[PDB]
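What follows is one structure encoded as structure tokens, with my remarks underneath.
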Protein chains: 2
Amino acid sequence: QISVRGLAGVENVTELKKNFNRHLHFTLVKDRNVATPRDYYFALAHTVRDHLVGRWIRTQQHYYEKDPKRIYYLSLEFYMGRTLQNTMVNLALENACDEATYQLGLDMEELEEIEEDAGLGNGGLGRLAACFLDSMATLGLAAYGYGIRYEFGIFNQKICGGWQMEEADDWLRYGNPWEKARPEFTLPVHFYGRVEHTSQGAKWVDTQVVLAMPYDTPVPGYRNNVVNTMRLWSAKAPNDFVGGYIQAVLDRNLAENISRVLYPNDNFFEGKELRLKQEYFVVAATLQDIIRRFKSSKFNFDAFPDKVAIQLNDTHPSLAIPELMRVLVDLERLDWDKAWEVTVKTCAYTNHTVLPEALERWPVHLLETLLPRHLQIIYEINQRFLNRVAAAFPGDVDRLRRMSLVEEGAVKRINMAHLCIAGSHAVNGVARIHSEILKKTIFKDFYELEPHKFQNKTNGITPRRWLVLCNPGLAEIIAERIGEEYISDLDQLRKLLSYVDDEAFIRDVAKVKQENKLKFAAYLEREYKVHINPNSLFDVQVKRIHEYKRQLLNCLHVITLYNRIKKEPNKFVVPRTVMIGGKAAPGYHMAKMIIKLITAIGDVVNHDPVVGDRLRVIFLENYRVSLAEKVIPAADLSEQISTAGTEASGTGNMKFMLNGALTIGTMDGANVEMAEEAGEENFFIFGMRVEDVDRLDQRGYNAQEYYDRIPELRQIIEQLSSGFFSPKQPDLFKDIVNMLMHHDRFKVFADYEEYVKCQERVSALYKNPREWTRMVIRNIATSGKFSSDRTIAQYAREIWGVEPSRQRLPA
Amino acid sequence: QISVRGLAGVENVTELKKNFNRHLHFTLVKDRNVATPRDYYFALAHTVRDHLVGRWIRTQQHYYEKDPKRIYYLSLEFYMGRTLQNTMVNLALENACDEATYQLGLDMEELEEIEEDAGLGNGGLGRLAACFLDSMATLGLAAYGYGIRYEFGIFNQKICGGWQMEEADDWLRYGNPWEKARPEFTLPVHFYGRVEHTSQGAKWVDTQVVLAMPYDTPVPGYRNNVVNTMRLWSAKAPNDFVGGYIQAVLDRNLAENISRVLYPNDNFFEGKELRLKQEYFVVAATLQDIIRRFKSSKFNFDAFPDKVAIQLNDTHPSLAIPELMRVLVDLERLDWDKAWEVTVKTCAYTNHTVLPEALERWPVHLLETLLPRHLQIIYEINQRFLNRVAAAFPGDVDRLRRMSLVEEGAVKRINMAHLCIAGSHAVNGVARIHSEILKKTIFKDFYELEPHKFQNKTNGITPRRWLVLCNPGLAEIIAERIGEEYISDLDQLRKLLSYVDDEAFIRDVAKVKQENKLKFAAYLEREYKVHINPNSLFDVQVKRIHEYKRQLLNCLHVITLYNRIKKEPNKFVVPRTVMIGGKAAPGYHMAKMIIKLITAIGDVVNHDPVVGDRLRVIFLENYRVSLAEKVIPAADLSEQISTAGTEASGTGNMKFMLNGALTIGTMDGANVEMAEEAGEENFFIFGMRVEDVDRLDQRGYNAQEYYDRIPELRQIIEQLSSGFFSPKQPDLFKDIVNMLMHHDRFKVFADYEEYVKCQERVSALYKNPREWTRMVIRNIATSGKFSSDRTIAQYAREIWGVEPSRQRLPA
Ligand SMILES: OC[C@@H]1O[C@@H](OC2=Cc3c(O)cc(O)cc3O[C@H]2c2ccc(O)cc2)[C@@H](O)[C@H](O)[C@H]1O
Ligand SMILES: OC[C@@H]1O[C@@H](OC2=Cc3c(O)cc(O)cc3O[C@H]2c2ccc(O)cc2)[C@@H](O)[C@H](O)[C@H]1O
């Protein structure tokens with residue numbers, strides 16, 4: 001039906017129907033007469049997975065015999081989403097499976113809606129991991145994702161009475177047809193115990209054992225026949241063990257609780273023991289796998305960093321550094337100095353945030369108890385690292401205190417970021433502005449000691465999931481003009497600037513948007529019986545709910561729009577559907593209040609007969625990867641409105657740009673590079689830059705000043721306090737008011753005026769559909785930099801020391 | 001290679017090799033080069049399971065369209081063992097799979113050793129369930145096994161320092177290739193809450209929900225193309241739910257603990273709340289399934305007992321009676337009287353023991369809390385039942401007290417046996433002597449009220465698992481003489497009496513035994529490096545360790561044999577390997593002491609150079625279904641030595657008889673019917689009959705009398721007390737001595753003298769191998785009565801009201 005979806009060859013189609021029917025019979029043990037849509041989805045999934053298998057075995061045996069340098073991407077999050085569509089796209093089977101299912105009397109897109117998200121992440125860091133796996137496979141890297149097979153991913157969000165309610169994300173209830181259990185490669189992980197020092201140095205003894213059972217999931221490259229592996233570990237009680245026999249069997253649960261659930265904190269450090277156990281579990285099992293694979297290869301650990309790269313996604317797997325030192329010194333019996341040389345050449349660290357509340361600072365007592373040998377190693381790392389600091393900066397005692405892996409205080413803690421910098425040959429931020437901030441502020445001391453350590457790798461997104469999968473309409477009109485090479489060479493989208501005056505392309509770009517908006521409107525109607533005006537500007541802020549992301553600033557604008565209509569009812573305004581969605585971490589009270597305020601605004605705005613269909617505010621329930629794939633192709637305006645200096649990069653920004661939305665944003669994270677790529681005349685940039693936030697911090701942020709000088713702001717704060725948006729609970733939003741007036745770390749009121757005025761420019765442009773569409777073409781055409789293929793090629797060349805390849809494997 | 005194993009057709013073999021290789025590639029995702037024997041086992045299992053699938057779908061759709069009466073066998077235990085061999089035998093694929101694997105360079109029997117027992121039972125009651133499923137499928141009954149999918153079956157037994165140690169039976173670690181998850185047919189089960197009485201009668205409200213997820217396993221009949229279903233329920237926390245979000249997700253474990261582990265009590269009632277929850281879980285989910293299947297059939301609950309039989313394996317699923325009454329009255333709104341008429345015509349009860357410690361007597365407070373509506377219904381059942389008792393036996397107030405479902409005392413309890421008799425149209429014992437005892441003693445009052453209720457169904461064993469699978473050598477020499485109809489018509493073994501003087505058959509029977517003994521000796525050598533003299537009489541007592549089963553009496557004989565050798569070293573005796581095995585329930589101290597005494601006797605006997613290879617005592621570790629299949633075909637002498645009146649039936653007795661062992665036993669359980677079938681001249685019967693035990697109970701059992709009058713007994717008791725068998729812990733066996741001398745409920749010393757003398761007759765016959773073998777032929781030839789096909793045909797005709805059929809399904 002669509003070119004970019006590939007060929008429905010008569011042979012391909014007849015085989016797929018045959019294999020579909022074989023799986024329905026032998027795999028599902030179902031007759032055509034009793035089979036539910038869920039059975040049909042599973043029959044298709046098994047059929048599509050069969051097509052991976054030959055390439056999956058051949059890829060791995062190609063890496064065995066050719067023995068390239070292996071890349072290990074360690075993350076406590078893989079935010080993978082659904083696998084069925086992505087697999088069909090990367091194997092060129094989408095049109096064949098669509099034809100095959102149609103001939104069988106089935107709608108493939110209804111079947112796709114049955115699959116559970118693999119929601120094994122919180123947000124950007126998690127989704128980055130997932131985009132990276134896709135790009136490493138597409139660039140033919142010998143790459144392995146290593147993580148935890150959480151039984152429960154990020155909670156399912158319900159909205160009840162306008163409030164977030166959390167349900168368990170039981171994603172494995174009907175099984176996972178993609179993964180292969182590898183219980184034969186199960187490994188032991190140790191906890192607690194103590195250290196004895198003997199003639200053969202240190203031994204870690206009297207430990208409790210937890211087994212790590214790996215589950216392998218295929219990662220297909222784009223039409224290159226490469227299939228890499230994501231290995232996720234599952235916690236299992238060891239074989240051998242007052243409540244007696246029954247209670248001892250039930251107590252197996254405690255060890256298995258290690259892989260039970262994803263900690264739902266986005267950009268926030270909660271120092272829970274169980275979280276620490278998850279971090280060590282993934283590091284200990286993974287490094288045993290890496291060492292085993294290293295020893296059984298073509299030929300001493302001198303060559304270890306020429307055969308191994310360990311990339312640490314944030315500080316979460318930071319214990320890989322002391323764990324690698326433990327295995328090399330305590331088990332392989334290397335000298336400390338050689339072990340340390342190997343470790344630093346093997347490991348690199350990615351930082352994702354500058355917010356102090358996000359930094360991992362584990363109490364020393366917890367490490368003493370859980371991981372006694374790791375604490376000893378961390379102390380020895382610290383002594384030798386501070387010895388090098390004293391030699392470079394003699395007598396700079398405060399530098400010694402600031403740089404230490406040990407933080408003094410009521411509770412002594414280990415700074416895991418300091419451990420990562422000390423134990424890694426490369427440290428990177430995730431956008432140029434963030435990487436510079438790292439060198440200027442939080443890691444200034446480390447930058448001065450080792451300037452060549454510090455790099456930038458600007459984030460990207462995979463144009464497979466984030467254009468070809470989610471927006472086939474837009475992929476199609478682009479391919480019709482420039483062919484298909486752009487799908488793994490996204491800089492070719494620059495060829496689109498040649499069509500900025502082409503009436504046909506202009507018509508087609510607006511037509512695809514219109515279709516995406518009618519499809520999203522229909523989804524909202526089907527699933528939730530929510531009606532939206534599809535002739536409205538779709539104004540979309542989707543991301544985790546946080547003070548720094550300033551959903552509240554969006555809230556102040558929505559009420560401004562409502563209050564201007566009530567003041568001048570007869571005055572024409574561009575109709576808007578304002579859509580906000582995202583999950584609040586369960587214990588983040590302010591975030592849960594903000595969700596309640598969005599729904600409360602909706603309760604007034606959406607029922608005012610003076611407003612009617614000119615303005616709608618809706619909270620999108622259960623924002624996750626599959627919902628991103630539906631709403632982002634439907635968006636006209638992308639809200640990227642973080643306080644300047646607070647969003648390290650963002651990736652949602654890059655998805656919206658790729659899918660034909662215009663961006664309203666601050667000069668923050670990758671927004672700066674996106675505005676540089678398209679031209680700032682093609683971006684709605686507003687608000688304080690980093691330097692203006694710093695100047696305001698220097699003289700003190702007084703929010704009362706803004707309230708006193710802006711009548712429209714005062715009216716809104718007064719509506720919040722007096723109970724206009726909570727008439728039966730008039731003091732409901734006291735906490736939001738009090739934070740905005742007195743405790744606002746993110747300076748919401750300081751950007752209010754520039755934001756409202758910038759929003760006026762957005763509406764002005766929207767009234768001119770031709771010029772709106774021409775500005776959209778200028779955005780899409782310059783989004784190529786933001787491909788994760790670009791990001792990964794930089795990692796491969798500048799940190800891992802390996803060369804990418806688009807060249808195909810032979811079958 | 002062997003006729004009874006079927007045809008290795010060139011086409012059959014080439015297909016199996018093709019499907020083996022397909023599963024290795026697509027199912028296991030493995031190359032020939034990396035594949036372990038475990039992978040090869042799984043490739044074969046998946047290949048063999050594929051052959052079930054067509055027959056499995058067709059059988060179930062045949063029952064849908066033909067709508068016969070359905071039989072529901074409710075058991076908290078299915079002791080199934082391994083499935084791979086049984087499946088190949090029942091589909092006639094054993095020789096083809098053997099040839100197919102041989103051509104692939106693989107030993108099918110090594111592959112079979114990789115499969116985990118489905119050890120979802122304790123002993124006889126559990127194994128009876130399993131034999132019954134096999135026979136119902138072989139007799140073309142529309143039968144369903146309903147139970148619990150325990151994550152952990154009966155514990156793995158290790159012997160450490162001569163002591164039992166329990167390990168968790170992690171039978172699902174590598175998956176179960178036989179079962180099909182049916183998460184789509186998940187049902188809710190309710191716990192706790194309270195009852196409100198409204199205008200529409202009673203409602204059960206404010207309950208906690210646990211979901212029951214069914215797993216369906218195929219049950220193949222013998223070469224009749226019938227494939228029935230065993231449905232096992234798995235506990236799952238409901239969708240919707242101070243430790244906050246993380247703790248609430250971890251707390252899902254508590255509801256899922258319901259299907260975590262099999263209670264390892266054989267013939268003993270432990271009143272644990274979690275056990276009660278398991279009983280209600282299996283009853284509530286099962287009866288919802290039954291009611292749904294009843295409503296969606298060819299046509300009011302009047303016809304319900306013409307379409308449904310519920311068979312209660314012991315009192316474990318006794319709550320089916322009040323549960324069926326709850327659904328019919330509270331949900332379907334039937335009058336009490338009609339509901340009760342339906343319930344009694346639907347339900348029947350099997351009793352497995354007369355021992356008071358085994359009877360389920362649940363505290364009323366526990367039922368009040370867990371199952372408030374069920375307690376109300378049980379009270380109303382009791383009132384109406386005792387009203388019928390008062391009318392039949394006016395003024396017999398003590399009869400009213402003895403028959404009540406309610407037992408008065410410090411703790412008021414419900415007698416679940418009384419509930420079963422009241423709520424069932426049929427009650428059966430499991431051997432003629434046991435069924436008569438029921439009518440004469442524990443259920444005398446009930447027999448007088450309703451004599452036509454009380455039946456006998458003598459236990460049986462499936463000659464598929466217990467002859468063709470385990471002893472193909474013996475199956476073969478029998479088929480060579482009488483053909484193969486005996487395999488599902490076991491009374492044809494009577495034709496073997498024609499060969500009692502045939503020199504060839506006599507030679508062949510002794511040759512098969514000799515081969516079985518060399519194969520068992522080799523297994524013991526391979527797995528445990530234990531050496532046994534294969535030219536010794538194999539004297540075997542395998543069953544759960546209990547005082548009533550009198551492993552201790554076997555112990556007194558072994559030491560008698562040792563003490564006679566030491567007294568007269570030069571005197572020739574028939575060499576013996578004395579083998580004892582079985583599990584002790586973890587909390588049964590006396591049972592664990594007995595295991596320790598068997599190993600302690602071994603520690604002396606097996607190292608005395610005067611004894612050498614003339615006598616060996618060994619404890620067989622981890623007695624289970626797969627180990628029964630190895631040792632029972634190797635046995636010369638079957639020990640069945642329970643105190644007369646205590647073993648309801650036994651089934652181990654019947655296995656040994658089928659496999660060419662002679663029996664030494666009491667006139668207890670089915671031993672009486674086995675001696676009647678073969679002729680008592682062909683059995684080594686000894687000891688008190690029931691009437692002699694009763695006479696001893698009447699004047700008081702004084703064990704000191706026996707000790708005072710039997711010098712050989714006194715010597716042994718003195719060896720036990722003085723520390724001869726525990727030299728470093730001389731008082732180790734004080735508890736055994738004290739129980740034997742003062743508290744022995746099973747009168748061990750009273751049968752000592754007759755047992756030793758009967759054992760002398762066994763040895764005398766063994767010295768004459770021709771006459772031993774002729775007596776064996778007379779045993780095998782008369783074992784036909786003991787087929788579970790015979791037992792099931794009786795259930796079908798005399799309780800369920802359905803006609804068996806050996807006729808085949810068409811494909
Ligand atoms: O940001 C400031 C913090 O926010 C809230 O607590 C949490 C912070 C948080 C966040 O800022 C972003 C997230 O994605 C997640 C967060 O989780 C918690 C939290 C607090 C209590 C818990 O039960 C668990 C975590 C506040 O409740 C807390 O007082 C404050 O320290
Ligand atoms: O037979 C007499 C009983 O035996 C032991 O307890 C148990 C009995 C028992 C049995 O006779 C056969 C079995 O298969 C299992 C049995 O389990 C326990 C038992 C006691 C304590 C526990 O922790 C659990 C069960 C004795 O420890 C107990 O004192 C006594 O009442």
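Each chain of the structure tokens is named A, B, ... in the order shown, its residues numbered from 1; ligands are numbered from 1 in display order.
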
Q: Run DSSP on the backbone of this structure and report the residues of region 320-403 of chain A it assigns to alpha helix (DSSP H), as an NGL selection string.
A: :A and (320-326 or 336-346 or 364-370 or 372-392 or 397-403)

Output the selection as a compact mmCIF listing (two decimals), in the first residue's frame - N, CA and C atoms for each residue.
# COMPACT_ATOMS: atom_id res chain seq x y z
N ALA A 320 30.24 -0.81 38.53
CA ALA A 320 31.05 -1.55 37.54
C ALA A 320 32.55 -1.24 37.75
N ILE A 321 32.88 -0.01 38.14
CA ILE A 321 34.30 0.41 38.32
C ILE A 321 34.94 -0.38 39.46
N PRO A 322 34.45 -0.33 40.72
CA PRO A 322 35.02 -1.13 41.80
C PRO A 322 34.82 -2.63 41.59
N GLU A 323 33.70 -3.04 40.97
CA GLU A 323 33.47 -4.48 40.66
C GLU A 323 34.56 -4.98 39.69
N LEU A 324 34.88 -4.24 38.63
CA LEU A 324 35.93 -4.68 37.68
C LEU A 324 37.27 -4.75 38.42
N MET A 325 37.57 -3.76 39.26
CA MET A 325 38.79 -3.76 40.11
C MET A 325 38.77 -4.98 41.05
N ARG A 326 37.62 -5.35 41.63
CA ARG A 326 37.52 -6.51 42.55
C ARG A 326 37.88 -7.81 41.82
N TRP A 336 47.30 -3.87 41.60
CA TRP A 336 46.35 -2.74 41.67
C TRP A 336 46.55 -1.85 40.44
N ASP A 337 47.79 -1.39 40.22
CA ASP A 337 48.14 -0.37 39.18
C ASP A 337 47.74 -0.83 37.78
N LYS A 338 47.99 -2.09 37.44
CA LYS A 338 47.63 -2.62 36.10
C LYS A 338 46.09 -2.71 36.00
N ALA A 339 45.44 -3.26 37.02
CA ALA A 339 43.96 -3.38 37.14
C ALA A 339 43.33 -2.00 36.93
N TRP A 340 43.88 -0.96 37.57
CA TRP A 340 43.32 0.41 37.49
C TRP A 340 43.50 0.93 36.05
N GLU A 341 44.67 0.70 35.46
CA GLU A 341 44.94 1.11 34.06
C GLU A 341 43.88 0.47 33.16
N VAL A 342 43.63 -0.83 33.31
CA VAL A 342 42.64 -1.59 32.50
C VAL A 342 41.24 -0.99 32.70
N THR A 343 40.87 -0.78 33.95
CA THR A 343 39.50 -0.33 34.34
C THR A 343 39.20 1.01 33.66
N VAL A 344 40.10 1.98 33.80
CA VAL A 344 39.89 3.37 33.29
C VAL A 344 39.79 3.32 31.75
N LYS A 345 40.62 2.52 31.07
CA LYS A 345 40.56 2.38 29.59
C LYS A 345 39.30 1.67 29.13
N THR A 346 38.66 0.88 29.99
CA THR A 346 37.45 0.12 29.65
C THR A 346 36.19 1.00 29.80
N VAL A 364 27.71 5.64 53.41
CA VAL A 364 28.87 4.73 53.61
C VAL A 364 28.46 3.50 54.44
N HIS A 365 27.59 3.65 55.44
CA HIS A 365 27.13 2.53 56.31
C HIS A 365 26.42 1.47 55.43
N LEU A 366 25.64 1.91 54.45
CA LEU A 366 24.86 0.99 53.57
C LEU A 366 25.86 0.16 52.74
N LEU A 367 26.83 0.82 52.11
CA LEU A 367 27.91 0.17 51.33
C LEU A 367 28.73 -0.76 52.26
N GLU A 368 29.03 -0.32 53.48
CA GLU A 368 29.79 -1.12 54.50
C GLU A 368 29.10 -2.48 54.68
N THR A 369 27.78 -2.45 54.85
CA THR A 369 26.95 -3.65 55.14
C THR A 369 26.77 -4.49 53.87
N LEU A 370 26.32 -3.88 52.79
CA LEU A 370 25.84 -4.61 51.58
C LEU A 370 27.05 -5.13 50.79
N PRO A 372 30.90 -4.80 51.42
CA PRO A 372 32.09 -4.43 52.19
C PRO A 372 33.37 -4.32 51.35
N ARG A 373 33.58 -5.23 50.40
CA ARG A 373 34.81 -5.22 49.57
C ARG A 373 34.80 -4.00 48.65
N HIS A 374 33.62 -3.64 48.12
CA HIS A 374 33.44 -2.51 47.17
C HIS A 374 33.81 -1.21 47.90
N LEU A 375 33.36 -1.04 49.16
CA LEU A 375 33.69 0.18 49.96
C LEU A 375 35.22 0.27 50.13
N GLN A 376 35.90 -0.82 50.50
CA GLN A 376 37.39 -0.85 50.67
C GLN A 376 38.05 -0.39 49.37
N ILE A 377 37.61 -0.95 48.24
CA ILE A 377 38.16 -0.59 46.90
C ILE A 377 37.87 0.89 46.64
N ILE A 378 36.67 1.39 46.95
CA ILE A 378 36.31 2.80 46.68
C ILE A 378 37.26 3.70 47.48
N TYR A 379 37.52 3.38 48.77
CA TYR A 379 38.49 4.13 49.64
C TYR A 379 39.88 4.17 48.99
N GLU A 380 40.38 3.02 48.51
CA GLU A 380 41.72 2.92 47.87
C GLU A 380 41.71 3.74 46.57
N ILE A 381 40.63 3.66 45.77
CA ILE A 381 40.52 4.51 44.54
C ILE A 381 40.66 5.98 44.97
N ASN A 382 39.88 6.38 45.96
CA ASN A 382 39.84 7.78 46.46
C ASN A 382 41.25 8.26 46.88
N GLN A 383 41.98 7.47 47.68
CA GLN A 383 43.34 7.83 48.17
C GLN A 383 44.25 8.12 46.97
N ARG A 384 44.27 7.23 45.99
CA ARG A 384 45.19 7.32 44.83
C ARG A 384 44.76 8.48 43.94
N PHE A 385 43.46 8.64 43.71
CA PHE A 385 42.93 9.79 42.94
C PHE A 385 43.32 11.12 43.62
N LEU A 386 43.12 11.25 44.93
CA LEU A 386 43.42 12.53 45.64
C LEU A 386 44.95 12.75 45.68
N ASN A 387 45.75 11.68 45.76
CA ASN A 387 47.23 11.78 45.60
C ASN A 387 47.55 12.45 44.26
N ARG A 388 46.88 12.11 43.15
CA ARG A 388 47.17 12.74 41.83
C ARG A 388 46.72 14.21 41.84
N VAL A 389 45.60 14.51 42.51
CA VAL A 389 45.08 15.90 42.68
C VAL A 389 46.11 16.74 43.46
N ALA A 390 46.59 16.26 44.61
CA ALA A 390 47.61 16.96 45.45
C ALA A 390 48.86 17.26 44.61
N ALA A 391 49.28 16.35 43.71
CA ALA A 391 50.51 16.51 42.90
C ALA A 391 50.28 17.55 41.81
N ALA A 392 49.09 17.59 41.20
CA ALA A 392 48.79 18.58 40.13
C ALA A 392 48.53 19.96 40.75
N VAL A 397 43.87 22.49 49.26
CA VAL A 397 43.19 21.58 50.22
C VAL A 397 41.69 21.62 49.94
N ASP A 398 41.11 22.78 49.62
CA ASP A 398 39.65 22.81 49.37
C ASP A 398 39.33 21.98 48.12
N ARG A 399 40.18 22.03 47.08
CA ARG A 399 39.99 21.22 45.84
C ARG A 399 39.94 19.73 46.23
N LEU A 400 40.85 19.29 47.12
CA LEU A 400 40.90 17.91 47.69
C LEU A 400 39.53 17.57 48.32
N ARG A 401 38.97 18.47 49.11
CA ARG A 401 37.65 18.23 49.75
C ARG A 401 36.56 18.14 48.68
N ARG A 402 36.53 19.05 47.70
CA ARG A 402 35.42 19.13 46.71
C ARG A 402 35.47 17.89 45.79
N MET A 403 36.65 17.35 45.49
CA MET A 403 36.85 16.30 44.46
C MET A 403 36.74 14.91 45.07

How close does each residue of chain B get to ligand 2, giving the shortest atom pair and distance in Å to one decimal for every residue with an atom at most 8 Å away, counting only C-alpha atoms and all ligand atoms, sorted by chain and residue number, as CSV?
residue,atom,partner,partner_atom_place_in_ligand_line,distance
B:264,CA,ligand 2,14 (O),6.9
B:265,CA,ligand 2,15 (C),4.0
B:266,CA,ligand 2,14 (O),3.5
B:267,CA,ligand 2,14 (O),5.4
B:268,CA,ligand 2,12 (C),4.9
B:269,CA,ligand 2,16 (C),7.6
B:270,CA,ligand 2,25 (C),5.9
B:357,CA,ligand 2,1 (O),6.9
B:544,CA,ligand 2,14 (O),7.2
B:545,CA,ligand 2,14 (O),7.4
B:546,CA,ligand 2,12 (C),6.1
B:547,CA,ligand 2,1 (O),7.5
B:584,CA,ligand 2,14 (O),6.4
B:585,CA,ligand 2,15 (C),4.4
B:586,CA,ligand 2,24 (C),6.5
B:587,CA,ligand 2,22 (C),3.7
B:588,CA,ligand 2,5 (C),3.8
B:589,CA,ligand 2,27 (O),5.0
B:590,CA,ligand 2,5 (C),6.8
B:591,CA,ligand 2,12 (C),7.7

Q | Surrounding residues of residue 8 (chain B) excluding itself and chain neighbours under 4 positions, 7 Å, only C-alpha atoms, as a ChimeraX atom specification | A | /B:12-13,95-96,99

Q: For residue 148 (chain A), work out the shell of residues within 7 Å, counting only C-alpha atoms and skipping chain neighbours fewer than 2 positions away, then give it as a list in words.
A: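 Near neighbours after the sequence-gap exclusion: residues 76, 150, 232, 233, 234, 259 and 282 of chain A.
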
Q: List every residue of region 297-441 of chain A that DSSP, applied to the backbone of this structure, places in strand (DSSP E or B), and write the result as a list in words.
A: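 Residues of region 297-441 of chain A classed as strand (DSSP E or B): residues 308, 309, 310, 311, 312, 313, 347, 348, 349, 350, 361, 362, 363, 406, 407, 413, 414, 415, 426, 427, 428 and 429 of chain A.
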
Report as CSV the residues of chain B within 9 Å of ligand 1, each with its shortest atom pair and distance in Å (one decimal), using only C-alpha atoms and all ligand atoms, ordered by chain and increasing residue number.
residue,atom,partner,partner_atom_place_in_ligand_line,distance
B:243,CA,ligand 1,23 (O),8.3
B:244,CA,ligand 1,23 (O),6.5
B:245,CA,ligand 1,23 (O),7.7
B:246,CA,ligand 1,23 (O),8.7

Q: Counting only C-alpha atoms, figure out which residue out of B:186, B:760, B:703, B:312 gets nearest to residue 738 (chain B).
A: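 Among the listed residues, the smallest separation from residue 738 (chain B) belongs to B:703.
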
Q: Between B:274, B:143, B:670, B:618, single out the one closest to chain A, counting only C-alpha atoms.
A: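 Distance minimum relative to chain A lands on B:274.
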
(Q) I'd like the interatomic distance between CA of residue 42 (chain A) and CA of residue 20 (chain A), to a tenth of an Å. (A)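 Result for CA of residue 42 (chain A) versus CA of residue 20 (chain A): 9.1 Å, one decimal.
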
Q. Which residues, written as a list in words, have at least one atom at most 12 Å from residue 727 (chain A), with only C-alpha atoms counted and residues fewer than 4 positions away on the same chain left out?
A.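 Near neighbours after the sequence-gap exclusion: residues 600, 601, 603, 604, 719, 720, 721, 722, 723, 731, 732 and 733 of chain A.
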
Q) Near residue 30 (chain B), counting only C-alpha atoms, which residues have an atom at most 12 Å away, once you skip same-chain residues fewer than 4 positions from it, shown as an NGL selection string? A) (:A and (53-54 or 56-58 or 60-61 or 180 or 182)) or (:B and (20-26 or 34-40 or 42-43))

Could the residues in this selection be written to a file with C-alpha atoms, as an mmCIF file, in the first residue's frame?
data_model
loop_
_atom_site.group_PDB
_atom_site.id
_atom_site.type_symbol
_atom_site.label_atom_id
_atom_site.label_comp_id
_atom_site.auth_asym_id
_atom_site.auth_seq_id
_atom_site.Cartn_x
_atom_site.Cartn_y
_atom_site.Cartn_z
ATOM 1 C CA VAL A 53 16.233 -16.162 14.232
ATOM 2 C CA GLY A 54 18.654 -16.959 11.346
ATOM 3 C CA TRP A 56 20.265 -13.491 15.215
ATOM 4 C CA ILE A 57 22.348 -16.756 15.302
ATOM 5 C CA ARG A 58 24.519 -15.612 12.334
ATOM 6 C CA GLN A 60 26.398 -13.627 17.126
ATOM 7 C CA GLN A 61 28.517 -16.351 15.400
ATOM 8 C CA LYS A 180 14.455 -16.038 24.964
ATOM 9 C CA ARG A 182 18.670 -18.440 28.921
ATOM 10 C CA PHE B 20 13.596 -31.743 16.077
ATOM 11 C CA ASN B 21 15.972 -29.500 13.997
ATOM 12 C CA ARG B 22 13.193 -26.903 13.404
ATOM 13 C CA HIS B 23 12.585 -26.622 17.240
ATOM 14 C CA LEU B 24 16.350 -26.469 17.970
ATOM 15 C CA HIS B 25 16.620 -23.466 15.520
ATOM 16 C CA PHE B 26 13.317 -21.502 15.965
ATOM 17 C CA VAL B 34 26.524 -24.630 21.069
ATOM 18 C CA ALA B 35 23.603 -26.990 21.992
ATOM 19 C CA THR B 36 23.676 -28.810 25.422
ATOM 20 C CA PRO B 37 21.928 -32.157 26.111
ATOM 21 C CA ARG B 38 19.264 -29.995 27.908
ATOM 22 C CA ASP B 39 18.519 -28.164 24.566
ATOM 23 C CA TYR B 40 18.245 -31.577 22.792
ATOM 24 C CA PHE B 42 13.633 -29.599 24.917
ATOM 25 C CA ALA B 43 13.812 -29.960 21.083
#
